[PDB]
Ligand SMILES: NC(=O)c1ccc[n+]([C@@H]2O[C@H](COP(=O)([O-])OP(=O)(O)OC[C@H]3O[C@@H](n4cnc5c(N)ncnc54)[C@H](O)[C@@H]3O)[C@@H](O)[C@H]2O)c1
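Shown next as structure tokens: one chain only, the form deposited without the named molecule.
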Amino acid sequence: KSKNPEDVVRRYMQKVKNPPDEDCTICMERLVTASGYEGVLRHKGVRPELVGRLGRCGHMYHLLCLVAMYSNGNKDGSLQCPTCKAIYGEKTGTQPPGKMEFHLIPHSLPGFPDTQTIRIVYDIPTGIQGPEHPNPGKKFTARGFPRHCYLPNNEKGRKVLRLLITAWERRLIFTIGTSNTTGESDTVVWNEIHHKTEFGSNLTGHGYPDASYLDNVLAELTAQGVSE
């Protein structure tokens, strides 16, 4: 679906024909008067008097106010109610094309004795940045691919695997930006979901044993709108 502010916002807003004499809590003007937003998106846009009820919670805003607010955020397809903090829609990212593969290997991770290991392999080729990327039309590099990641094949590890597949499908695993280890810009980097790339030790901090890892990555996934 389109992630453009006006389209996303209109999707979750339901027109209020006769709004009350109460504040819009985005612009702090009354709902029976025009939106207080005065920026560039007003030009030939949403009529400033239009008011809607947002999603399931029903909180009411000038439609223009909520498109302005959404446009000042990440514009990731999800829309948060500023009154009650309910989130509507699905967060997606800018991960470029590639391949995600996984299978089982007959080796136990440190801290998960007598198990097999889920080996995940991500492969992302170089390409041209698209309109969703920081420098549209500029080439982007992709370093260190294929990247190998590991989870134990136990109940919680399989759960993480299901959720990583969803995050991959929502283009959330990788993004295009600046590497933290090299400083290179216009390059494929990890996004907000940590992976373990070191199998038999944790000298890098990205390895095992790590008894908190599975719970930690489940929280990161939930922070990206990916949960069961």
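The first residue of the shown sequence is 1; numbering continues from there.
Averaged over C-alpha atoms, is the B-factor higher for 105-113 or for 81-89 in this PDB entry?
-> In the deposited entry, the stretch with the higher C-alpha B-factor mean is 105-113.
TODO: Mind pulling up the entry and telling me whether 199-207 or 49-57 has the higher mean Cα temperature factor?
DONE: Per the PDB entry, the higher value belongs to 199-207.
key: Maximum C-alpha temperature factor, selected from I26, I165, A34, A68   = Highest C-alpha B-factor among the listed options: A34.
* To do: Quick one: classify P125 as lowest, middle or highest third of the chain based on its Cα B-factor.
  => Its C-alpha B-factor belongs to the highest third of this chain's values.
Could you tell me which third, lowest, middle or highest, the C-alpha B-factor of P136 occupies within its chain? It belongs to the middle third of the chain when residues are ordered by C-alpha B-factor.
- [ ] Using the B-factor values recorded in the entry, state whether the Cα atom of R143 falls in the lowest, middle or highest third among the modelled residues of its chain.
- [x] As the PDB entry reports it, the C-alpha B-factor of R143 lands in the highest third of its chain.
*So where's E169 on the chain's Cα temperature factor ranking, which third?*
Bottom third by C-alpha B-factor.
Beyond the structure shown, there is the form solved in complex with the named molecule, which is absent from this document and is the topic of what follows.
Exercise for the section: Decide whether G111 counts as a contact residue for the named molecule in the deposited complex under a heavy atom distance cut-off of 4.5 Å. Expected result: Output for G111 is no: heavy atoms all beyond 4.5 Å of the named molecule.
>> Whether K91 contacts the named molecule in the deposited complex should be assessed with a 4.5 Å heavy atom distance threshold; does it?
In response: No.
Point to revise | is_contact(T166, the named molecule) in the deposited complex, heavy atom dist at most 4.5 Å | key: So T166 does not count as contacting the named molecule.
Q. Does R158 make contact with the named molecule in the deposited complex, using a 4.5 Å heavy atom cut-off?
A. Although the named molecule is absent here, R158 would stay clear of it in the deposited complex, with no heavy atoms inside 4.5 Å.
For the named molecule, considered in the deposited complex: do all three of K75, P96 and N135 come within 4.5 Å of it, counting heavy atoms only?
Checked in the deposited complex: no contact with the named molecule for any of the three.
(message) Can you pick out, from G130, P82, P125, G144, the residue that has a heavy atom within 4.5 Å of the named molecule in the deposited complex?
(response) Of the candidates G130, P82, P125, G144, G144 is the one lying within 4.5 Å of the named molecule in the deposited complex.
inquiry  = Only one of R53, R171, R42, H194 gets a heavy atom within 4.5 Å of the named molecule in the deposited complex. Which one?
reply    = Checked against the cut-off, the match is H194.
Among 42-50, 182-190, 64-72, 29-37, the region lying within 4.5 Å of the named molecule in the deposited complex by heavy atom distance: Of the options given, it is 182-190.
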